[PDB]
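Have a look at the structure below before the remarks.
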Amino acid sequence: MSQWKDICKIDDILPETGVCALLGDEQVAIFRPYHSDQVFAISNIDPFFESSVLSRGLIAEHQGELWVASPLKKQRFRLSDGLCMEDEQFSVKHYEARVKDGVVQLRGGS
């Protein structure tokens, strides 16, 4: 069972930028961390500290991996899957994101 919900065209999401989408009641943070068709989706809200939007953060590398840093504090979420370096005990919600016909689609409910 997979609900690939159309969000928007990838043209709307600027190079290395993150935006918030809605998968039912799930606020998903769609991060396009490159210029290519490579996009990743995680929870736009964290459950520990509670940052209402993680899409209000800057993408920065470390270890050769892409981390989104929330300027609210020092929260860094690894975009590869969803390893928050602060939450690495539990790890955050990850959704699958694909660029279909230039349109960003999210799959969840796994």
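Using the deposited numbering, the first residue of the sequence shown is number 1, and each one after it goes up by one.
Built from N, CA and C at the ideal position, the CB exists for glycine as well.
When the options are compared against residue i, the one with the closest alpha-carbon
i: residue 43; options: 15, 26, 16, 105; result: 26
i: residue 23; options: 6, 10, 32, 76; result: 6
i: residue 48; options: 19, 86, 8, 108; result: 86
i: residue 76; options: 64, 89, 60; result: 60
i: residue 34; options: 71, 65, 83; result: 65
i: residue 46; options: 13, 63, 88, 11; result: 88
i: residue 13; options: 50, 31, 3; result: 31
i: residue 16; options: 3, 72, 67, 4; result: 67
Identity of the residues DSSP links to residue i by a beta bridge
i: residue 50; result: Per DSSP, none; premise fails for residue 50.
i: residue 70; result: 75
i: residue 111; result: Since the first residue shown for the chain is 1 and the last is 110, residue 111 is missing from the structure and cannot be characterised.
Status (buried if at least 16 other CB within 10 Å, exposed otherwise) for residue i
i: residue 58; result: exposed
i: residue 102; result: exposed
i: residue 105; result: buried
i: residue 79; result: buried
i: residue 51; result: buried
Residue i beta carbon near the ligand PLP (any heavy atom closer than 7 Å)
i: residue 49; result: The ligand PLP is not part of this structure, which contains no ligands at all.
Cut-off 6 Å between Cβ atoms - residues of its own chain near residue i, not counting five sequence neighbours on either side
i: residue 69; result: 57, 58, 60, 76
i: residue 95; result: 28, 41, 106, 108
For residue j and residue i, believed in contact at Cβ under 8 Å, the rounded distance
i: residue 18; j: residue 54; result: 7 Å
Close beta carbons around residue i, own chain, < 8 Å, minus the five adjacent residues each side
i: residue 10; result: 32, 37, 39, 99, 102, 103, 104
i: residue 62; result: 76
Own chain, CB closer than 7 Å to residue i, minus 5 neighbours either side, in chain order
i: residue 1; result: 109
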